[PDB]
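Below sits a lone chain in structure tokens, taken as the form deposited in one PDB entry.
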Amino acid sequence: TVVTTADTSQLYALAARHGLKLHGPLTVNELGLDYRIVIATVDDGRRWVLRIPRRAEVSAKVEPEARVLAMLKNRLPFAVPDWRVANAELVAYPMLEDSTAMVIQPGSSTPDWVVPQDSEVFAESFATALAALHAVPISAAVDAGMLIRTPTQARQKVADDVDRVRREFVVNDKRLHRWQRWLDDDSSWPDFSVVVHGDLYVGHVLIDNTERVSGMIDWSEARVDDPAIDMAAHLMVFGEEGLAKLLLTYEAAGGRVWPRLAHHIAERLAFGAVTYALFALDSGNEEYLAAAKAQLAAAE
């Protein structure tokens, strides 16, 4: 025979226990630390995504995310995963066939492609899609059992993350002072929270072949929190010019802004170093830790 990375027999058995009959081509991404991701063909002729929790601690997150997606489905003018299977040993949904807004080969550090800076259709539709998401009523999030952070709680969470990094790592003095000045800068912080995606960047946005936003995936970090969380990666990828365009259209679409929002987003992006370091720490992966320590010690 031929050795293949996927164990088709075990995958078939797992899927069949949950009412899904695999038949035909599949592909497997084993690089995730929490889930194995398989895109498999099913007997409905469709591709489905199998998100397979690796451990009990990951399994525990399935039911709450399922409640999130259940709530969001009718409340967003774009598609989200339809978890027709959602349990501790398997999440499965029909694949949303539209491409992600960035394409990258598994394992690679460099994308093959990212939706272009000058794509006006992408820019405008991402901005309106984001305004739509952030318009989801807080009451709907509460009814769905979501994690809720008031503005005070949102700021406390950032402080807590910073302090956890300070306990576990040695951080460049100026970097640390940057975060502390931000945490102390009342004018930077919003006086409201919204439903956020929590892990939003081009890799988690789906686009149709005109480059119009058509969906968003991987909602595991969704919660009610600081709106700027969902804008940091847009600044990283599309720069200050892209951010300026985003904010004008977001506001025009009914998105709530505040005067120092652009500044706050830049500080949130800087804070990404904390997020990465805590991910590294929690992963126990020596390569991620090496990268994190290096970044933290470095002057920005």
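Under this definition, the rigid core comprises the largest set of C-alpha atoms superposing within 1.5 Å between the forms. In case it trips you up, residue 1 is the first one in the sequence shown, and so on.
Just so it is clear, the following notes concern the form deposited in another entry, a form of the same protein that is not shown.
Shown in the overlay between the shown form and the other one, fitted on the rigid core, is a CA shift at residue 44 of 2 Å or greater. Relative to the superposed core, residue 95 undergoes a C-alpha shift of no less than 2 Å between the shown form and the other one. After superposing the rigid core, the Cα of residue 137 is displaced by less than 2 Å between the shown form and the other one.
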